[PDB]
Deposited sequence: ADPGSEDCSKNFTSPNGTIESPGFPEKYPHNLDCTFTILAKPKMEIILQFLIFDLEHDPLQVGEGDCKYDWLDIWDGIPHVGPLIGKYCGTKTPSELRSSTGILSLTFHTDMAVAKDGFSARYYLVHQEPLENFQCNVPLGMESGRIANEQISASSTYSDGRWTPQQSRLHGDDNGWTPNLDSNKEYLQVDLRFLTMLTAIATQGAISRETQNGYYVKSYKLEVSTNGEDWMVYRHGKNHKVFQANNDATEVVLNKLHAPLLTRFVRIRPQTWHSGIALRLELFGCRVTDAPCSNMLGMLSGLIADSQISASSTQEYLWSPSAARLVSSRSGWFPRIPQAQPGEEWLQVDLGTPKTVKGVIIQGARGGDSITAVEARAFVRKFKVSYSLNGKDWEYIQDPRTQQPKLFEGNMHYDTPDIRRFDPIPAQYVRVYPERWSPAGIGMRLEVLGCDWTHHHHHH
C-alpha cells in the first residue's frame, strides 16, 4: 500500500524509495490533516519527474483527491512553489506509468499557528511561480517577477503597450481581496519614469471563468498612478472572494510599468468562519441532497463550491420560488454563521446561457425533520438574502449564528437561464 496520512506537527513526504529512482505503475495518496486554526505549510526540497504531464505527475489538491479543487499538476524538473493552506486538509496524489523513472521528490510539511493584510507581493509569500503575464518586454528586464511593490529593479512591462495586456497572480487558494496598491517604475538604465494611470480588474475561481470587476452597470476603472514612485491604494467598494487576479492596464504615462501589492485575508480569519466541507470533500456525496435534481447525469458533487464543473440544477430550473432547495448535512451539529453561494458553470460565451441564483432563503435543522427559516428582524419573516451577479464569482452571506446539522438554501430569484448553484456552508463547532 503506497498511500499515507500525516497528522504529526512536522514531517517528511517523499516518493517511494527516495533517494532511489521511483517505481513504475504507482498511484499513491499522501494526505496531511490539521485541526482548526492550524496552517499547513508544504515546501519541496527535491523534485524530478518524467516530462503536458501526460505520463508521470504529482497533483496537489485543496482537500480530497478528485473531489476538492486541483491546486496544480506538476512533472518535469521544476520544483513546486511553496503552499500554505488553511483548509485543514492538503492532499498529494503521485502517479507513475509503465516506463521511465527519475529521482522523484522529497517534501516537508509543518503545522503552525480586519481584512487588510498584504497577500505577499512585497513579502515574497506570493512565490515567483504564482506571478505571470499576457506578455513581457522583449529584453527580459521588465519581467512579471519584477512587479512586487517597492521592487528596486524596474517593473512589469508587456511586449507592446496596449489595453489588452495583464499581470496575473495565482493565489492558489480561494482568498478575500479587499484592495490593490500600484506603483510605476523608473528605468535604472535611462531614468525615464513610466506608470499606469488606470486599470481594470479581472478575477476567477478556476483560471477559466473570468469576471471583469464592475461598479454598477459598467466595468470599474480604478484610477492609478500620477508618478513613477508613489504608491496609490484603491479599496474595493465590494470585496471579492477569488483565486486568480488580473490587473489590466487601460491608460499609462510614456508606457506600461507596474509594481503591485494585493490586500485581503483568509475566509477563516473571521471568527467561526471555517468552510465546512463542500469545497474540500470532507462533506461526502451522501450528505448532499435536493428537492429535485436533473434526471440524467447528476452527481451530488456537482453542487460543490468551486470544485464542481457544473452545478446543482433542479429538474425544471425555471421553478416556482421557494419550492426548490439544496440541502447540506454537516455530519454533526455545528454553529453555522453563513453560506458561500456560487452560480453554475459549463456550456462561457453566451450571457443568457448563464445560470445563477440572485435571491434566496435559508432554513436549518438539528432534527433533519423540523425546519426553521432565518428571520428578517424588520419584516418578521424569512430573510431574503442577496445572491450572485455572475456565474463563477462566489459571494459570502453571513447571518446571526444558529445551531444546525442541516442547512437548506431555497432559490427565490434567478438569471434568465434558471436556477444553477454551487455551495459551501461556514461555521464552527456547536456550543
Comparing deposited sequence to modelled residues, the uncovered ranges are 1-6, 58-65, 128-134, 369-370, 455-460
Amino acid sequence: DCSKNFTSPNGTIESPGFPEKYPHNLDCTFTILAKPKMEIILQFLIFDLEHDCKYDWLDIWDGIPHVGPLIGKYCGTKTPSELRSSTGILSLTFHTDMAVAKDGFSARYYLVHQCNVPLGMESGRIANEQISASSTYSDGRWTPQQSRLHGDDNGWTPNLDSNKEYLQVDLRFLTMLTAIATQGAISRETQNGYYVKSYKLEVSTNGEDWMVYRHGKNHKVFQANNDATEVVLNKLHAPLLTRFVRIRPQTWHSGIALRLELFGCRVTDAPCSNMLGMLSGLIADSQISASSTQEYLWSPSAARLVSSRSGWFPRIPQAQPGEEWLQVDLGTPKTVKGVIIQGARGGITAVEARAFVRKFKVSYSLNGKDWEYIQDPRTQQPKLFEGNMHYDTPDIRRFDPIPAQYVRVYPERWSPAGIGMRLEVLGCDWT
From here on, numbers count along this sequence of modelled residues.
Output the stretch having the higher mean C-alpha B factor in the entry; the candidates are 225-233 and 281-289. 225-233
Quick one: higher average CA temperature factor, 157-165 or 323-331? 157-165
Among 249, 264, 311, 193, which residue carries the highest C-alpha B-factor recorded in the PDB entry? 193
Just to confirm, going by the entry's C-alpha B-factors, which of 171, 112, 241, 127 comes out highest? 112
Would you check the entry's CA temperature factor for residue 361 and let me know if it's in the chain's lowest, middle or highest third? lowest
Looking at the C-alpha B-factor of residue 371, is it in the lowest, middle or highest third of its chain? highest
Relative to the other modelled residues in the chain, which third contains the C-alpha temperature factor of residue 343: lowest, middle or highest? lowest
Just say lowest, middle or highest third for the CA B-factor of residue 137 relative to the other modelled residues in its chain. highest
Of the three thirds of Cα B-factor ranks in this chain, residue 83 occupies the middle
